[PDB]
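1. Pasting an experimental structure with its sequence.
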Amino acid sequence: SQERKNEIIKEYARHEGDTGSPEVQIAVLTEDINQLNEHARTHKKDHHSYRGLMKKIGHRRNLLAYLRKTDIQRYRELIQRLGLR
RNA sequence: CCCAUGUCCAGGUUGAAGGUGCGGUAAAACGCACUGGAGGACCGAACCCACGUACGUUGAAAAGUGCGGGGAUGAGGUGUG
Ligand SMILES: [Mg+2]
Ligand SMILES: [Mg+2]
Ligand SMILES: [Mg+2]
Ligand SMILES: [Mg+2]
């Protein structure tokens, strides 16, 4: 949702202007992915939506790889905040 | 054969489901351990049955004994009424 995405940007971002950043993107994608996994458990047959789920997941994984390359401290802080492995 | 009401099955073993935790995952299938303790499951006394063999065969016995044998928490054995 737009209000939830606003909250997530304001929380995880470095500024109120820095809408775009890896931590911001990943924080949005994780909530979207949780909603989609619940939707999939409720709608097991919607493979057409599971595809977009996997695409979002790959996007998040690539962002996380960029973070592991550039800033390992930022990476670990992010993952402690989010709860990912 | 059945009704009701009771009672008996030394000991040991294996280790189903379920559960928990750790991996693995985007989350799961899944895997690894532990727990748990199922079974007309296993080995084997009493208990029950009678596979073989020898002997007995005017028998110890109008159907047995010995040497081994099968089942042994179940569709079990047994008691009283
Ligand atoms: Mg048995
Ligand atoms: Mg036995
Ligand atoms: Mg008796
Ligand atoms: Mg006979």
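-> Everything's here; your move. Numbering: from 1, shown residues only, chains lettered A, B, ... in the order given. Ligands and ions are numbered 1, 2, ... in the order given.
2. Not counting sequence-adjacent ones, nearest residue to the residue of chain A found nearest RNA strand B?
-> Nearest residue of chain A to RNA strand B, counting by CB to the nearest atom of the strand: residue A:57, 4.7 Å away. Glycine gets a C-beta too; all of them are placed from N, C-alpha and C. Closest residue to residue A:57 apart from its sequence neighbours, by CB to CB, 6 or more residues apart in numbering: residue A:33 at 6.3 Å.
3. Leaving out chain neighbours, which residue sits closest to residue A:75?
-> residue A:67 (4.2 Å).
4. Name the residues of chain A found near RNA strand B, please.
-> A:33, A:37, A:50, A:53-54, A:57, A:61, A:84-85 (CB under 7 Å from any atom of the strand).
5. now do 10 Å
-> Within reach of RNA strand B by CB under 10 Å from any atom of the strand, chain A has these residues: A:29-30, A:33-34, A:36-38, A:40-41, A:50, A:53-54, A:56-58, A:60-61, A:64, A:83-85.
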